[PDB]
Amino acid sequence: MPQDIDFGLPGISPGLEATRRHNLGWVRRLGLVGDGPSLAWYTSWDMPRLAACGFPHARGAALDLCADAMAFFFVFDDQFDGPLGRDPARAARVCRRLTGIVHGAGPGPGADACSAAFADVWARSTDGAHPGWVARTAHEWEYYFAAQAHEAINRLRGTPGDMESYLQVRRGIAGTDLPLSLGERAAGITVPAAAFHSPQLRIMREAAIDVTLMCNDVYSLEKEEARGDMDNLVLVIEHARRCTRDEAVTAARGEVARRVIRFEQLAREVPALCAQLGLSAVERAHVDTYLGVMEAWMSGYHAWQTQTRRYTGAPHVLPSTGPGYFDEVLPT
Ligand SMILES: CC[N+](CC)(CC)Cc1ccccc1
Ligand SMILES: [Mg+2]
Ligand SMILES: [Mg+2]
Ligand SMILES: [Mg+2]
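In its metadata, the entry names X-ray crystallography as the structure determination method and reports 1.28 Å as the resolution.

According to its UniProt record, the chain has this under Function: "Catalyzes the cyclization of farnesyl diphosphate to avermitilol." According to its UniProt record, the chain has this under Sequence similarities: "Belongs to the terpene synthase family."

What follows is the structure, given as structure tokens:
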């Protein structure tokens, strides 16, 4: 059981309570969350604590954006736990609508709640951001939206992919590097490109994102398996290795542990790398904060998922015999 699994990872943002108030008003104003069942269900996820634990460097309005972005991810995600997630062409068309917002085509007044919420998050994200950050993060959003239809293809196939194909789909649908781009933005830093593209930081970024989605795969397996989801590390290992469920969970834990070890080995090289690049003291401080942002995403996501009611509650309040939401908020 998830309660008997810990992964071996290493504060919390002071704005948690203020962000809880803002975010509750925001999801209602945008129409992303309604009244009654959806609202109590949304509240039980505790999106503010995810923001405050996953992005502890964020303060004030920056933490508000983190929580609102998380709200969009989770509400949008669940819209595919139903007929949409078994209809790849329809999923691709819906996600093309969202992608158009990324690249400039504003949704306009009266658009659906998911389009309006995304447009608000994206506008707030890019306001005052460095153009290199905007370009990279725009392509990250594109991958996230485009990957959803491939998860639907895999559901229809009914077998897990091999490891390489699992990673290609799962890294996309998990939000790719978007949590780290968000944490960088919310911390108010800009990583110098020379450091960002070092082999060390590129490997570390990929490792941190893998760690969180794999930790999620383990804890979210119960609600996903009954829905015919196929892009879950435990199912991929079990199918590839012809092993028991316990053997597959053990191997999944090992995939997380080796990535944490790699991350921490490379982190020790970062001061020396900054010196070899001749970065300024301010730049080195921003790189140090970027390291903390990655570390806190890994440790803080796990801290959140052990206390949330999303994964223990989903099989009971939204059983697999019906859709995985109370209200359709995404027109298809
Ligand atoms: C990033 C939020 N997400 C993915 C889009 C919403 C369902 C859950 C998640 C969190 C952390 C790792 C992997 C997935
Ligand atoms: Mg998903
Ligand atoms: Mg999901
Ligand atoms: Mg999951």
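*Asks:* What is the right way to read the UniProt feature "binding site: Mg(2+) 1" in the chain from this model?
*Replies:* Listed under "binding site: Mg(2+) 1" in the UniProt record, and renumbered for this structure, are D77 and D81. Assessed through its relative accessible area of 27%, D77 is described here as partly exposed. Secondary-structure assignment places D81 in the loop between helix 4 (61-78) and helix 5 (88-102). When near neighbours in sequence (up to four residues on either side) are disregarded, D81 contacts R155, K223, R227, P323, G324 and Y325.

*Asks:* Help me understand the site of ligand 1, please; the structure alone is not making it clear to me.
*Replies:* Around ligand 1 sit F73, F74, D77, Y144, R170, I173, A174, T212, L213, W297 and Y301, and those are all the residues in its vicinity. Look at ligand 1: alone it shows 370 Å² of surface, and the protein chains cover 95% of it. Of all the secondary-structure elements, those providing two or more residues to the shell around ligand 1 are helix 4, helix 8 (163-173), helix 11 (199-219) and helix 16 (281-307). Among the elements that take part in the shell around ligand 1, helix 4 stands out by supplying three residues, more than any other. Partitioning the shell around ligand 1 into residue classes produces eight nonpolar, one polar and two charged.

*Asks:* I tried to follow the coordination of the magnesium ion (ligand 4) on my own but got confused; where do I start?
*Replies:* Each donor-metal-donor angle would ideally measure 109.5 degrees in four-coordinate tetrahedral geometry, or 90 or 180 degrees in six-coordinate octahedral geometry. Summarising the metal site, the magnesium ion (ligand 4) is bound by the protein donors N216 (OD1), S220 (OG) and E224 (OE), whose distances to it range over 2.0 to 2.1 Å. The motif formed by the donor residues of the magnesium ion (ligand 4), counted along the single chain, is N-x3-S-x3-E. Separating the magnesium ion (ligand 4) from the magnesium ion (ligand 2) is a gap of 5.9 Å. In this structure, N216 and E224 share a single accessibility class: buried.

*Asks:* I keep staring at the packing of helix 5 against helix 6 (residues 113-126) and nothing clicks. Help me out?
*Replies:* For any two helices packed against each other, one specifies the crossing angle of their axes together with the interaxial distance. Contact geometry of helix 5 with helix 6 gives a least axis separation of 10 Å together with a crossing angle of 25°. Classified by the angle between their axes, helix 5 and helix 6 sit roughly parallel to one another. The crossing of helix 5 and helix 6 is right-handed. Counted together, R97, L98, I101 and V102 of helix 5 and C114, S115, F118, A119 and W122 of helix 6 form the full contact between these two elements.

*Asks:* Got a minute to help me understand unusual backbone geometry in this structure?
*Replies:* Outside of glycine, negative phi angles account for most residues, and trans bonds account for most peptide bonds. Look at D46: it is not a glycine, yet its phi comes out positive at around 60°. Along the chain, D46 falls in the loop between helix 2 (37-45) and helix 3 (47-54). A positive phi angle, close to 55°, is found at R242, a residue other than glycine. Counting through the fold element by element, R242 comes out in the loop between helix 13 (233-241) and helix 14 (245-267).

*Asks:* Where do I start with the pattern of salt bridges in this structure?
*Replies:* For the structure shown, the criterion picks out 22 salt bridges. Two residues, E151 and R155, come together in a salt bridge whose shortest N-O distance is 3.4 Å. Separated by four residues within a single helix, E151 and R155 lie in helix 7 (residues 131-157), roughly one turn from each other. Assessed through its relative accessible area of 7%, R155 is described here as buried. Put simply, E255 and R259 hold a salt bridge, and the shortest N to O gap is 2.9 Å. Of this pair, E255 and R259 both sit in helix 14, four residues apart, roughly one helical turn. With relative accessibility at 11%, the residue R259 sits in the buried group. Members of the salt-bridge network, linked through shared partners, are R171, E206, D210, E255, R258 and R259.

*Asks:* Help me understand the side chain of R310 in this model?
*Replies:* Examined against the element boundaries, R310 turns out to sit in helix 17 (residues 310-317). Residue class for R310 comes out buried when judged on its relative accessible area of 2%. One polar contact links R310 to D78, side chain to side chain, over a distance of 2.7 Å.

About the thresholds
Residues numbered from 1 in each chain as written, not as in the entry; some residues may be left out. Chains lettered and ligands numbered in written order. Heavy atoms only, no water. Residues with missing side-chain atoms left out of burial classes, pairs and counts. UniProt positions renumbered as here; feature names shortened; annotations may be inferred. Buried < 20%, exposed > 50% of the residue type's maximum accessible area, 1.4 Å probe, protein only. Helix = DSSP H or I, 4+ residues; strand = E, 2+ residues; numbered from the N terminus. Contact = heavy atoms within 4.5 Å. Near = heavy atom within 4 Å. Areas by Shrake-Rupley, 256 points an atom, 1.4 Å probe, with all protein chains shown as cover. Nonpolar A, V, L, I, M, F, W, Y, C, P; charged D, E, K, R; others polar. Donors = N, O, S within 2.8 Å, 3.2 Å for Na, K, Ca; no water. Axes fitted to C-alpha atoms, helices over the stretch in contact; angles between N-to-C directions. Parallel < 35°, antiparallel > 145°, perpendicular 65-115°, else oblique. Left-handed = near helix turned anticlockwise from the far one by under 90°. Salt bridge = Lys/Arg side-chain N within 4 Å of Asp/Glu carboxyl O. Polar contact = N/O pair within 3.5 Å; in protein donor to acceptor, adjacent residues only side chain to side chain.

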